[PDB]
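Here is model.txt, consisting of compact mmCIF, C-alpha atoms and all ligand atoms:
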```txt
# COMPACT_ATOMS: atom_id res chain seq x y z
CA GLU Z 1 11.60 20.85 -11.17
CA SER Z 2 10.09 17.97 -13.17
CA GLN Z 3 6.64 16.73 -12.15
CA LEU Z 4 7.73 13.21 -13.18
CA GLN Z 5 10.20 11.66 -10.74
CA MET Z 6 11.77 8.27 -10.03
CA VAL Z 7 11.42 6.78 -6.56
CA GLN Z 8 13.20 4.15 -4.47
CA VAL Z 9 10.93 2.70 -1.77
CA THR Z 10 12.56 2.19 1.64
CA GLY Z 11 9.83 0.33 3.52
CA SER Z 12 6.27 -0.96 3.48
CA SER Z 13 3.95 1.94 4.36
CA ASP Z 14 3.19 4.63 1.82
CA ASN Z 15 5.47 7.42 3.06
CA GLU Z 16 8.59 5.19 3.22
CA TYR Z 17 10.36 6.35 0.05
CA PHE Z 18 12.60 9.08 -1.39
CA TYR Z 19 13.18 10.68 -4.78
CA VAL Z 20 16.29 10.29 -6.96
CA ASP Z 21 18.59 13.20 -7.84
CA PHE Z 22 20.60 12.79 -11.05
CA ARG Z 23 22.76 15.87 -10.41
CA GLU Z 24 25.67 13.54 -9.52
CA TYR Z 25 25.04 11.01 -12.31
CA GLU Z 26 26.72 11.36 -15.69
CA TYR Z 27 24.88 12.23 -18.90
CA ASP Z 28 24.99 9.73 -21.77
CA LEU Z 29 26.43 11.45 -24.84
CA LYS Z 30 24.70 9.25 -27.44
CA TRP Z 31 21.60 11.48 -27.11
CA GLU Z 32 23.59 14.51 -28.25
CA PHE Z 33 22.18 16.36 -31.26
CA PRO Z 34 23.49 19.26 -33.35
CA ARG Z 35 21.52 22.49 -33.55
CA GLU Z 36 22.20 22.60 -37.30
CA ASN Z 37 19.23 20.31 -37.94
CA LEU Z 38 16.66 22.15 -35.79
CA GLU Z 39 14.41 24.15 -38.08
CA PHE Z 40 11.99 25.99 -35.87
CA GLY Z 41 8.26 26.58 -35.55
CA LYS Z 42 5.86 28.65 -33.48
CA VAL Z 43 5.80 28.84 -29.74
CA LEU Z 44 3.60 25.99 -28.49
CA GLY Z 45 3.57 26.89 -24.78
CA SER Z 46 5.58 28.97 -22.30
CA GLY Z 47 5.02 29.55 -18.61
CA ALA Z 48 7.47 31.45 -16.42
CA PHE Z 49 10.50 29.14 -16.33
CA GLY Z 50 10.65 27.96 -19.94
CA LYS Z 51 8.91 27.11 -23.21
CA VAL Z 52 8.49 24.33 -25.77
CA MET Z 53 8.39 25.07 -29.50
CA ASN Z 54 7.69 23.28 -32.74
CA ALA Z 55 10.76 22.32 -34.73
CA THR Z 56 11.90 20.34 -37.77
CA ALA Z 57 14.72 17.80 -37.48
CA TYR Z 58 16.25 16.61 -40.75
CA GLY Z 59 18.11 13.33 -40.31
CA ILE Z 60 16.94 12.71 -36.74
CA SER Z 61 14.76 9.66 -37.41
CA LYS Z 62 15.84 6.15 -38.41
CA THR Z 63 15.27 6.74 -42.13
CA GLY Z 64 15.64 10.51 -42.22
CA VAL Z 65 12.99 13.10 -43.02
CA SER Z 66 11.75 16.31 -41.43
CA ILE Z 67 9.63 14.67 -38.68
CA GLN Z 68 8.44 17.69 -36.70
CA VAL Z 69 9.29 17.78 -32.97
CA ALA Z 70 8.75 19.70 -29.75
CA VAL Z 71 11.78 21.17 -27.96
CA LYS Z 72 11.74 22.13 -24.27
CA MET Z 73 14.14 24.90 -23.30
CA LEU Z 74 14.90 27.67 -20.83
CA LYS Z 75 14.45 31.39 -21.47
CA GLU Z 76 15.40 32.82 -18.05
CA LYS Z 77 17.98 35.00 -19.84
CA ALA Z 78 20.61 32.27 -19.35
CA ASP Z 79 20.11 31.23 -15.72
CA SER Z 80 22.32 28.96 -13.60
CA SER Z 81 20.44 27.07 -10.86
CA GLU Z 82 17.55 26.42 -13.25
CA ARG Z 83 19.86 24.96 -15.91
CA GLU Z 84 21.33 21.94 -14.10
CA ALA Z 85 17.82 21.09 -12.89
CA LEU Z 86 16.98 20.61 -16.57
CA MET Z 87 20.10 18.48 -17.11
CA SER Z 88 18.81 16.08 -14.45
CA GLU Z 89 15.43 15.74 -16.15
CA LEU Z 90 17.35 14.89 -19.32
CA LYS Z 91 19.38 12.29 -17.41
CA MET Z 92 16.18 10.73 -16.07
CA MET Z 93 14.29 10.73 -19.38
CA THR Z 94 17.27 9.13 -21.14
CA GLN Z 95 17.07 6.13 -18.79
CA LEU Z 96 13.28 5.70 -18.94
CA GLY Z 97 13.35 4.08 -22.39
CA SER Z 98 10.61 4.28 -25.00
CA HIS Z 99 6.99 3.32 -24.52
CA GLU Z 100 4.18 3.69 -27.03
CA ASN Z 101 2.11 5.75 -24.56
CA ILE Z 102 4.83 8.11 -23.27
CA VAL Z 103 5.98 11.30 -24.95
CA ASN Z 104 9.46 9.94 -25.55
CA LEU Z 105 12.78 11.77 -25.64
CA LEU Z 106 14.54 11.87 -29.02
CA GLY Z 107 17.67 13.90 -28.32
CA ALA Z 108 19.23 16.95 -26.71
CA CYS Z 109 21.83 19.67 -27.24
CA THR Z 110 24.18 19.98 -24.25
CA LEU Z 111 27.56 21.69 -24.75
CA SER Z 112 26.05 22.93 -28.04
CA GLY Z 113 25.17 26.13 -26.16
CA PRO Z 114 21.99 26.78 -24.18
CA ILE Z 115 20.39 23.51 -23.14
CA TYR Z 116 17.85 21.95 -25.51
CA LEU Z 117 15.83 18.75 -25.05
CA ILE Z 118 13.96 17.28 -28.01
CA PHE Z 119 10.71 15.33 -27.56
CA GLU Z 120 8.29 13.53 -29.85
CA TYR Z 121 5.62 15.56 -31.65
CA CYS Z 122 1.90 15.02 -31.04
CA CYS Z 123 0.16 17.11 -33.69
CA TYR Z 124 -3.36 16.88 -32.27
CA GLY Z 125 -2.47 18.56 -28.96
CA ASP Z 126 -3.41 17.87 -25.37
CA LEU Z 127 -6.44 15.67 -24.73
CA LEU Z 128 -8.24 18.35 -22.71
CA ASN Z 129 -8.38 20.78 -25.63
CA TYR Z 130 -9.00 17.86 -28.00
CA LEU Z 131 -11.95 16.54 -25.97
CA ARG Z 132 -13.64 19.92 -25.41
CA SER Z 133 -13.25 20.78 -29.10
CA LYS Z 134 -15.39 17.81 -30.19
CA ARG Z 135 -18.31 18.37 -27.80
CA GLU Z 136 -20.33 19.71 -30.76
CA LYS Z 137 -20.02 16.72 -32.98
CA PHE Z 138 -20.00 13.94 -30.47
CA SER Z 139 -21.83 11.03 -31.98
CA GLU Z 140 -23.82 8.15 -30.58
CA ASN Z 141 -12.82 13.18 -38.02
CA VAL Z 142 -15.26 12.95 -35.09
CA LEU Z 143 -15.05 10.51 -32.23
CA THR Z 144 -16.99 7.40 -31.10
CA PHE Z 145 -17.33 6.00 -27.58
CA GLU Z 146 -14.52 3.52 -28.22
CA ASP Z 147 -12.33 6.62 -28.49
CA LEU Z 148 -13.20 7.52 -24.89
CA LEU Z 149 -12.41 3.91 -23.99
CA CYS Z 150 -9.22 3.57 -26.07
CA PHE Z 151 -7.91 6.81 -24.61
CA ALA Z 152 -8.45 5.42 -21.11
CA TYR Z 153 -6.68 2.14 -21.94
CA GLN Z 154 -3.65 3.85 -23.48
CA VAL Z 155 -3.07 6.18 -20.52
CA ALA Z 156 -3.45 3.14 -18.26
CA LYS Z 157 -0.80 1.00 -19.95
CA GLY Z 158 1.30 4.16 -20.06
CA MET Z 159 1.03 4.62 -16.29
CA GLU Z 160 1.50 0.86 -16.09
CA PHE Z 161 4.85 1.42 -17.81
CA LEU Z 162 5.77 4.27 -15.47
CA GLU Z 163 5.13 1.90 -12.56
CA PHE Z 164 7.35 -0.76 -13.99
CA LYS Z 165 10.12 1.70 -14.19
CA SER Z 166 9.53 2.68 -10.66
CA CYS Z 167 8.35 6.22 -11.43
CA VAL Z 168 5.45 8.38 -10.28
CA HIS Z 169 3.81 11.13 -12.33
CA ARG Z 170 2.76 13.83 -9.88
CA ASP Z 171 0.52 15.72 -12.35
CA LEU Z 172 -1.67 13.27 -14.28
CA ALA Z 173 -4.49 15.21 -15.96
CA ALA Z 174 -6.04 15.74 -19.37
CA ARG Z 175 -3.89 18.79 -20.10
CA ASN Z 176 -0.85 16.48 -19.80
CA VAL Z 177 -2.08 13.78 -22.22
CA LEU Z 178 -1.31 14.52 -25.86
CA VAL Z 179 -3.00 13.11 -28.97
CA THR Z 180 -0.96 12.00 -31.99
CA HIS Z 181 -1.64 10.28 -35.31
CA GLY Z 182 -4.57 7.89 -35.40
CA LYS Z 183 -6.13 8.51 -31.97
CA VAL Z 184 -3.04 7.38 -30.08
CA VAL Z 185 -2.18 9.34 -26.94
CA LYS Z 186 0.94 9.72 -24.80
CA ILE Z 187 1.56 10.91 -21.24
CA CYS Z 188 3.92 13.88 -20.93
CA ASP Z 189 5.31 16.23 -18.27
CA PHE Z 190 4.40 19.93 -18.41
CA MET Z 191 0.46 30.68 -13.62
CA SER Z 192 -2.55 32.04 -15.49
CA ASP Z 193 -4.37 28.70 -15.12
CA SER Z 194 -7.14 28.05 -12.60
CA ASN Z 195 -6.04 24.45 -12.02
CA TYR Z 196 -2.82 24.89 -10.00
CA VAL Z 197 -2.69 26.33 -6.49
CA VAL Z 198 0.65 27.85 -5.51
CA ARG Z 199 1.65 27.01 -1.92
CA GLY Z 200 5.29 27.83 -1.19
CA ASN Z 201 7.66 26.81 -3.97
CA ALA Z 202 5.19 24.12 -5.10
CA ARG Z 203 2.41 24.43 -7.69
CA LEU Z 204 -0.28 21.89 -6.92
CA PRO Z 205 -3.17 20.56 -9.09
CA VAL Z 206 -5.47 20.36 -6.10
CA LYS Z 207 -8.55 18.83 -7.74
CA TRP Z 208 -6.47 15.92 -9.11
CA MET Z 209 -4.54 15.20 -5.90
CA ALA Z 210 -5.06 12.19 -3.66
CA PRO Z 211 -5.82 12.95 0.01
CA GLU Z 212 -2.43 11.65 1.14
CA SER Z 213 -0.93 14.23 -1.25
CA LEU Z 214 -3.20 17.13 -0.27
CA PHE Z 215 -2.54 16.65 3.44
CA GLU Z 216 0.87 15.02 3.97
CA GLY Z 217 2.77 15.38 0.68
CA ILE Z 218 2.95 11.64 -0.05
CA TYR Z 219 3.20 10.73 -3.75
CA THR Z 220 3.05 7.04 -4.66
CA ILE Z 221 2.10 4.92 -7.64
CA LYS Z 222 -1.34 4.58 -5.99
CA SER Z 223 -1.65 8.37 -5.73
CA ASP Z 224 -1.50 8.36 -9.53
CA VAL Z 225 -4.42 5.90 -9.56
CA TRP Z 226 -6.49 8.54 -7.75
CA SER Z 227 -5.57 11.14 -10.37
CA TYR Z 228 -6.25 8.56 -13.08
CA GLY Z 229 -9.81 8.25 -11.80
CA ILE Z 230 -10.15 12.03 -12.01
CA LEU Z 231 -8.89 11.85 -15.60
CA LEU Z 232 -11.40 9.07 -16.20
CA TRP Z 233 -14.00 11.62 -15.15
CA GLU Z 234 -12.39 14.16 -17.49
CA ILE Z 235 -12.71 11.78 -20.45
CA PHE Z 236 -16.31 10.66 -19.91
CA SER Z 237 -17.36 14.22 -19.15
CA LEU Z 238 -15.93 15.32 -22.51
CA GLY Z 239 -13.57 17.44 -20.43
CA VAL Z 240 -15.18 19.70 -17.83
CA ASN Z 241 -13.44 20.90 -14.64
CA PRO Z 242 -13.53 18.10 -12.05
CA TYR Z 243 -15.80 18.88 -9.11
CA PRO Z 244 -17.56 21.41 -11.36
CA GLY Z 245 -18.82 24.61 -9.76
CA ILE Z 246 -16.88 24.09 -6.50
CA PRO Z 247 -13.93 26.48 -6.02
CA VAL Z 248 -10.55 25.46 -4.64
CA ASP Z 249 -10.66 26.84 -1.09
CA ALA Z 250 -10.50 25.66 2.51
CA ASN Z 251 -13.99 24.19 2.05
CA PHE Z 252 -12.66 21.99 -0.75
CA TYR Z 253 -10.09 20.49 1.62
CA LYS Z 254 -12.86 19.59 4.07
CA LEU Z 255 -14.62 18.07 1.05
CA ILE Z 256 -11.94 15.55 0.16
CA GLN Z 257 -11.06 14.64 3.75
CA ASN Z 258 -14.73 13.89 4.51
CA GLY Z 259 -15.15 11.56 1.52
CA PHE Z 260 -16.58 13.58 -1.37
CA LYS Z 261 -16.71 11.74 -4.69
CA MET Z 262 -17.93 13.06 -8.03
CA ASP Z 263 -21.09 11.77 -9.68
CA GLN Z 264 -21.13 9.55 -12.75
CA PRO Z 265 -20.42 11.68 -15.84
CA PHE Z 266 -22.87 11.75 -18.73
CA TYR Z 267 -20.91 9.67 -21.26
CA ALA Z 268 -19.88 6.95 -18.77
CA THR Z 269 -21.34 3.48 -18.44
CA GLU Z 270 -22.48 2.26 -15.05
CA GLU Z 271 -19.54 -0.15 -15.22
CA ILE Z 272 -16.62 2.28 -15.52
CA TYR Z 273 -18.13 4.58 -12.92
CA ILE Z 274 -17.48 1.78 -10.42
CA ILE Z 275 -13.83 1.73 -11.51
CA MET Z 276 -13.68 5.49 -10.91
CA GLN Z 277 -14.95 5.00 -7.36
CA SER Z 278 -12.18 2.43 -6.79
CA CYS Z 279 -9.43 4.97 -7.45
CA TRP Z 280 -11.21 7.44 -5.17
CA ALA Z 281 -10.95 5.12 -2.17
CA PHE Z 282 -9.57 7.06 0.78
CA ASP Z 283 -7.32 4.21 1.93
CA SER Z 284 -4.70 3.90 -0.79
CA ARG Z 285 -4.38 0.18 -0.06
CA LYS Z 286 -8.01 -0.22 -1.17
CA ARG Z 287 -7.14 1.25 -4.62
CA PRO Z 288 -6.66 -0.71 -7.85
CA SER Z 289 -3.24 -1.21 -9.37
CA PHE Z 290 -2.23 -0.02 -12.82
CA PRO Z 291 -1.72 -3.62 -14.01
CA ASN Z 292 -5.28 -4.54 -12.97
CA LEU Z 293 -6.44 -1.72 -15.26
CA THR Z 294 -4.90 -3.47 -18.24
CA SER Z 295 -7.56 -6.10 -18.51
CA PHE Z 296 -10.49 -4.26 -16.86
CA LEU Z 297 -10.62 -1.71 -19.74
CA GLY Z 298 -8.78 -3.33 -22.65
CA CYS Z 299 -11.72 -5.78 -22.61
CA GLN Z 300 -14.48 -3.16 -22.29
CA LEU Z 301 -13.22 -1.92 -25.67
CA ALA Z 302 -13.26 -5.26 -27.50
CA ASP Z 303 -17.05 -5.41 -27.07
CA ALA Z 304 -17.44 -2.08 -28.89
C1 LIG Z 401 5.52 19.32 -23.55
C2 LIG Z 401 4.02 19.63 -23.68
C3 LIG Z 401 3.64 19.80 -25.16
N1 LIG Z 401 4.04 18.90 -26.06
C4 LIG Z 401 3.71 19.03 -27.34
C5 LIG Z 401 4.18 17.98 -28.37
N2 LIG Z 401 5.32 17.12 -28.07
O1 LIG Z 401 3.61 17.86 -29.40
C6 LIG Z 401 2.94 20.14 -27.76
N3 LIG Z 401 2.54 21.05 -26.87
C7 LIG Z 401 2.86 20.90 -25.58
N4 LIG Z 401 2.42 21.92 -24.60
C8 LIG Z 401 1.03 22.02 -24.13
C9 LIG Z 401 0.06 22.02 -25.31
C10 LIG Z 401 -1.27 22.63 -24.95
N5 LIG Z 401 -1.12 23.86 -24.57
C11 LIG Z 401 -2.30 24.46 -24.60
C12 LIG Z 401 -2.21 25.84 -25.31
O2 LIG Z 401 -1.21 25.81 -26.33
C13 LIG Z 401 -1.63 25.24 -27.57
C14 LIG Z 401 -0.52 24.28 -28.09
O3 LIG Z 401 -0.79 23.93 -29.44
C15 LIG Z 401 -0.34 22.64 -29.83
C16 LIG Z 401 0.86 22.13 -29.32
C17 LIG Z 401 1.31 20.86 -29.69
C18 LIG Z 401 0.57 20.11 -30.60
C19 LIG Z 401 -0.63 20.61 -31.11
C20 LIG Z 401 -1.09 21.86 -30.74
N6 LIG Z 401 -2.40 22.32 -31.35
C21 LIG Z 401 -2.54 23.69 -31.87
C22 LIG Z 401 -3.83 23.85 -32.71
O4 LIG Z 401 -4.12 22.66 -33.39
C23 LIG Z 401 -4.58 21.71 -32.48
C24 LIG Z 401 -3.51 21.35 -31.40
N7 LIG Z 401 2.59 20.29 -29.19
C25 LIG Z 401 -0.62 23.88 -23.33
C26 LIG Z 401 0.88 23.32 -23.31
```
For this file, write the structure as structure tokens.
Amino acid sequence: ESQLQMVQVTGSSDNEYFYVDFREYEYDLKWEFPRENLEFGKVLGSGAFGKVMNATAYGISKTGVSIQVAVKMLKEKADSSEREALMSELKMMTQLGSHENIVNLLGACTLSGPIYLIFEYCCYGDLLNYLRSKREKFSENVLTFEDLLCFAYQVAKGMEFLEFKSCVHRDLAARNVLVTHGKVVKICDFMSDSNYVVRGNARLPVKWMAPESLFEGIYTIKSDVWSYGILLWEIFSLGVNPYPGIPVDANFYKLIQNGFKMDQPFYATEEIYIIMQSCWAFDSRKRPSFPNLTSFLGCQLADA
């Protein structure tokens, strides 16, 4: 399953919607790539289902150079049910189009053998590991406060683009934001990690989840605003576990349903703490849009 899904709303209230299955749609062949031009690298991450590696793709760009890449693929010893599920993520990503703040799809290998899907390369890694790594040399090669603000604006216009395309990202967090050349960052998708609770066949990032997700399984564009506020806390904390010190247990569910909100993090202005509280409104109608967070932050940066 892909934590990024496209929705078609069938009503007014929040739960009136349904997801889109591409299993019956046809795959566009112009994304097809030959495996001849994939020169590998070192594993860059592998859970249970699959992995994503570094690779080198000669003649895959407009001009044509090496241009390192990341390649998502299975390793379930050639499975069946898990394979077509990946084909449908390919079909969706192909129709999302490029945005400057999304880890974009560059190609795929379909009938070429075992299924490969080729994504952009972000050399500086996920934002979580990038933030925590620079806690030493934070200053008031090493980052300003406009970095914290530019990061927030880029993820916002990225989620603003996912809303235009009628998508929802059900796992917005710092581990899923990746830094590439020149302090530009891009949203991406994807059991020894403390952040996900497993509950049935679902793996849930409880501390990032909006109450309507924790308690009734609703995922809307406004549920991503809630997670975005949590990420806002992740950025201006320099990346410490949201709700620090509190374990994910039954007591944490009573926390969120009773109206718990995190305190202002150290590196945050009084201004953008207010914006964090907006996303943490219990009523999702009371929450700010992703458009509204174009101007409200893209301006806060210009003063820096
Ligand atoms: C699809 C998701 C993805 N995308 C991409 C990409 N398109 O670039 C990508 N890694 C991932 N998986 C994520 C990455 C983070 N890890 C944490 C532990 O694993 C270290 C990975 O190390 C990296 C992987 C990358 C870049 C840089 C690094 N650093 C290694 C050391 O130097 C600094 C950064 N590349 C979890 C899974």
Report task. Go through Z:225, Z:185, Z:304, Z:150 one by one, measure the shortest atom-to-atom distance of each to residue 288 (chain Z) using all atoms listed in the file, and give the residue with the smallest value. Result -> Z:225
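Closest approach to ligand LIG 401 (chain Z) among Z:65, Z:159, Z:122, Z:117 is made by Z:122 (distances from only C-alpha atoms and all ligand atoms).
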Report task. One decimal, Å: what's the distance from CA of residue 298 (chain Z) over to CA of residue 93 (chain Z), could you say? Result ->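 For CA of residue 298 (chain Z) relative to CA of residue 93 (chain Z), the distance reads 27.2 Å.
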**Report entry** Interatomic distance (Å, one decimal) between CA of residue 272 (chain Z) and CA of residue 303 (chain Z)
**Finding:** 13.9 Å
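For region 32-44 of chain Z, the residues within 10 Å (counting all atoms listed in the file, excluding itself and residues fewer than 6 positions away along the chain) are residues 51, 52, 53, 54, 55, 56, 57, 58, 59, 60, 66, 68, 69, 70, 71, 72, 106, 107, 108, 109, 110, 111, 112, 113, 116, 117, 118 and 125 of chain Z.
Here CA of residue 4 (chain Z) and CA of residue 155 (chain Z) stand 14.8 Å from one another.
The closest residue to ligand LIG 401 (chain Z), picked from Z:186, Z:77, Z:286, Z:199 and counting all atoms listed in the file, is Z:186.
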Query - Counting all atoms listed in the file, the option among Z:203, Z:261, Z:165, Z:91 closest to residue 221 (chain Z) - result: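 Smallest distance to residue 221 (chain Z) is found for Z:165.
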Take region 109-134 of chain Z, bring it up to N, CA and C atoms, and give me the output as a tab-separated table (two decimals), keeping the file's coordinate frame.
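Writing done, so here's out_14.tsv:
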```tsv
chain	number	residue	atom	x	y	z
Z	109	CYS	N	20.64	18.90	-26.90
Z	109	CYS	CA	21.83	19.67	-27.24
Z	109	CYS	C	22.43	20.21	-25.95
Z	110	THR	N	23.61	19.72	-25.57
Z	110	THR	CA	24.18	19.98	-24.25
Z	110	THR	C	25.25	21.07	-24.27
Z	111	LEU	N	26.50	20.70	-24.60
Z	111	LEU	CA	27.56	21.69	-24.75
Z	111	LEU	C	27.36	22.54	-25.99
Z	112	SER	N	26.35	22.23	-26.79
Z	112	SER	CA	26.05	22.93	-28.04
Z	112	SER	C	25.66	24.38	-27.80
Z	113	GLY	N	25.58	24.79	-26.53
Z	113	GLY	CA	25.17	26.13	-26.16
Z	113	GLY	C	24.16	26.10	-25.03
Z	114	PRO	N	23.09	26.89	-25.15
Z	114	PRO	CA	21.99	26.78	-24.18
Z	114	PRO	C	21.26	25.45	-24.33
Z	115	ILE	N	20.81	24.91	-23.19
Z	115	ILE	CA	20.39	23.51	-23.14
Z	115	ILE	C	19.07	23.31	-23.87
Z	116	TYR	N	19.05	22.36	-24.80
Z	116	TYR	CA	17.85	21.95	-25.51
Z	116	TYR	C	17.56	20.48	-25.24
Z	117	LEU	N	16.28	20.13	-25.19
Z	117	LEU	CA	15.83	18.75	-25.05
Z	117	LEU	C	14.69	18.51	-26.02
Z	118	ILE	N	14.83	17.48	-26.86
Z	118	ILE	CA	13.96	17.28	-28.01
Z	118	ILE	C	13.04	16.09	-27.74
Z	119	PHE	N	11.73	16.33	-27.80
Z	119	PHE	CA	10.71	15.33	-27.56
Z	119	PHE	C	9.93	15.01	-28.83
Z	120	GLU	N	9.19	13.90	-28.78
Z	120	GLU	CA	8.29	13.53	-29.85
Z	120	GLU	C	7.25	14.62	-30.09
Z	121	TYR	N	6.63	14.58	-31.26
Z	121	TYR	CA	5.62	15.56	-31.65
Z	121	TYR	C	4.26	14.89	-31.72
Z	122	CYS	N	3.29	15.47	-31.01
Z	122	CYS	CA	1.90	15.02	-31.04
Z	122	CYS	C	1.07	16.14	-31.65
Z	123	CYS	N	0.73	16.00	-32.93
Z	123	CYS	CA	0.16	17.11	-33.69
Z	123	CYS	C	-1.21	17.52	-33.19
Z	124	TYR	N	-1.98	16.59	-32.63
Z	124	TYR	CA	-3.36	16.88	-32.27
Z	124	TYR	C	-3.51	17.56	-30.91
Z	125	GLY	N	-2.42	17.80	-30.19
Z	125	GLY	CA	-2.47	18.56	-28.96
Z	125	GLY	C	-2.82	17.75	-27.73
Z	126	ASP	N	-3.01	18.48	-26.63
Z	126	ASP	CA	-3.41	17.87	-25.37
Z	126	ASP	C	-4.85	17.37	-25.45
Z	127	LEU	N	-5.13	16.31	-24.68
Z	127	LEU	CA	-6.44	15.67	-24.73
Z	127	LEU	C	-7.53	16.60	-24.24
Z	128	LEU	N	-7.23	17.43	-23.23
Z	128	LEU	CA	-8.24	18.35	-22.71
Z	128	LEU	C	-8.80	19.24	-23.81
Z	129	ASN	N	-7.92	19.93	-24.54
Z	129	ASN	CA	-8.38	20.78	-25.63
Z	129	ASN	C	-8.95	19.96	-26.78
Z	130	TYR	N	-8.47	18.73	-26.96
Z	130	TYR	CA	-9.00	17.86	-28.00
Z	130	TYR	C	-10.41	17.39	-27.66
Z	131	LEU	N	-10.63	16.99	-26.40
Z	131	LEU	CA	-11.95	16.54	-25.97
Z	131	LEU	C	-12.97	17.67	-26.08
Z	132	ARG	N	-12.70	18.80	-25.42
Z	132	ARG	CA	-13.64	19.92	-25.41
Z	132	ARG	C	-13.98	20.38	-26.82
Z	133	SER	N	-13.02	20.29	-27.75
Z	133	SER	CA	-13.25	20.78	-29.10
Z	133	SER	C	-14.27	19.96	-29.86
Z	134	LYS	N	-14.49	18.70	-29.47
Z	134	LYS	CA	-15.39	17.81	-30.19
Z	134	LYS	C	-16.69	17.59	-29.43
```
